[PDB]
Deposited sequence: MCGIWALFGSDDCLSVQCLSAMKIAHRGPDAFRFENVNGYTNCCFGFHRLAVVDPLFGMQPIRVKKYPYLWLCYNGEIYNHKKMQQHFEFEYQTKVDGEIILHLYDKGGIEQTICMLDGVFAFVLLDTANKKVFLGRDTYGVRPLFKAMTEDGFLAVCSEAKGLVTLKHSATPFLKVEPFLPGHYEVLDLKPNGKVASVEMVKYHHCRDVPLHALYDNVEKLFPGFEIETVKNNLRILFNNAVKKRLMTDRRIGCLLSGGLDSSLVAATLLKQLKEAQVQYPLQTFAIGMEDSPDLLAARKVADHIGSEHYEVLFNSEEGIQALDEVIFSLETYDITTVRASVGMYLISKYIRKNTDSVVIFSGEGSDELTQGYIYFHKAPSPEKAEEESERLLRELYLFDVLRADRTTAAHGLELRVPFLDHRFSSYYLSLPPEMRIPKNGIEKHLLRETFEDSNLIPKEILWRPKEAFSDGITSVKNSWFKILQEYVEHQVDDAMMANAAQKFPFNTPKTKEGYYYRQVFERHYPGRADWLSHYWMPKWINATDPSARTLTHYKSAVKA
């Protein structure tokens, strides 16, 4: 789903009905645009991918009980039903996000956002109390960007590409920035439709309704929490599929997912999707897992020429120029295209978050202590929204698919992060050893995969021809912010700057 909203606009009917369409790709099933009674220079645009409640879930969500609340969100509130039941709320729709309205009316914004077990970016307008609220989930899984002017014009969107062509009177340049994960903002609505920020607030989770850490207890809890993470993510009336690369993380996801689909008596085969250059070791690993779990497996072969040819639109989708991110996004974009083209799988499970959470990257083998390693894991998790989780969202949403990432489950990730730092560093000499031991009695995946530790070259050779030595020598002059250090870096930056000239500070690093 793609959200777009303006408060305090000059003209949000004629010229900005057209700006709401820039993020259509995220939500192919339906579009609604509307303005606000009494505040007709404030408006919403919503592109829906209908995942829960096809008939009654169109947004802005507006229900009879709360005539002055307007909610637009991209997300999934996995614990909505148990809150609904505990508090005995009566829904008008059947959509998970309606819980946000009932909780807000009861307790305000802070006490609402801390209760949501899920992923989300939202905008909530309350015309009785004269407030606008922005919010984003803890790890930043679902995206949000914002722009605000001194006169009190506010514009928000799922992707920066829906903000950069807005023209506000008396601002020659509209500054666009990511909205920070794990924050809410409160803004005052003024009588003429402009807004003024009150506070931007970091929130933590609340309730919705050495001593210990023995290894058998830790492994048992991790199994249960991971299973729960996947189970709560079966919430959808659409077909669930799964990316399956043959790596440990996607394999554990695929295998646990199929087991949970069976327990729920789901009647469709699980479709799994791998992509690579043919005769890859990774593709054979993926096929091995597929046969072990019994999925309906699609193996997609990408061509060097196809990959290079996709860079332009991939960087357009991503809105960043980080080398690691751009490299990996080409394959994810192309597999997502294939999924949308060839199947009806819409809710796509993936393994992002695991490496950051479990200290799985090779360089963690060189960490000065368990506390310096633990700290680095915390920085990686805080920055996911710029990197791996940016890639995972932008490249699936580019083709009208919905990403789900169970490693970033709130209860599972919190429990793992609570573990003594010394149970989490590699003691045997293999990364993610605890994670592997957790699942070794399950027969969940083949033991060979459970214990396993030139697209890159083709990109080098291509950018070598596109960036000459003088361009590189001149790089600090042409690109003074986050200057590129390689020709690969330089090339991605040029593509980025052609789409988003002057926007390089979306990436801090």
> Going from the first residue of the deposited sequence to the last, where are the unmodelled runs?
Replying inline: 1, 211-222, 467-479, 536-561
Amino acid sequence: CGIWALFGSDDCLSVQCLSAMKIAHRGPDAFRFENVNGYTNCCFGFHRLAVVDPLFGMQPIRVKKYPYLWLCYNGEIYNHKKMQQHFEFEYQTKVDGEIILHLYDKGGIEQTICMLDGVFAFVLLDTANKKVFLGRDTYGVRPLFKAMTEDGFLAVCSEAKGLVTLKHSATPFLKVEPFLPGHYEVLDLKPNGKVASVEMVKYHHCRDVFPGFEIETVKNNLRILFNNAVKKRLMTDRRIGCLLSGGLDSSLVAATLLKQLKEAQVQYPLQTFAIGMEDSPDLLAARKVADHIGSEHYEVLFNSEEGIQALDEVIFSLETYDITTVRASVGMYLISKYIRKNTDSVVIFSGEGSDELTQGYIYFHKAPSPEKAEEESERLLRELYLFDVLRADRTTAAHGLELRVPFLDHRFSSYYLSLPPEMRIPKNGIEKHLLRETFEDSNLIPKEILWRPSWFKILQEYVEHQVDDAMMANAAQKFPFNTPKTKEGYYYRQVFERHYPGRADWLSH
From here on, numbers count along this sequence of modelled residues.
>> I need to verify one thing: averaged over C-alpha atoms only, is the B-factor higher for 481-489 or for 8-16?
In response: 8-16
>> If you average the CA temperature factors as listed in the entry, which stretch comes out higher, 340-348 or 418-426?
In response: 418-426
> If you compare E296, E278, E199, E263, which has the highest Cα B-factor in the entry?
Replying inline: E278
> Between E76, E374, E98, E177, where does the Cα B-factor run highest in the record?
Replying inline: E374
> By the record's CA B-factor, is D126 among the lowest, middle or highest third of residues in the chain?
Replying inline: middle
> Split the chain's modelled residues into thirds by Cα B-factor; is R62 in the lowest, middle or highest one?
Replying inline: middle
> Comparing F153 with the other modelled residues of its chain, is its CA B-factor in the lowest, middle or highest third?
Replying inline: middle
> Going by what the PDB entry lists, where does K106 fall on CA B-factor within its chain: lowest, middle or highest third?
Replying inline: highest
>> Splitting the chain's C-alpha B-factors into thirds, which one does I3 fall into?
In response: lowest
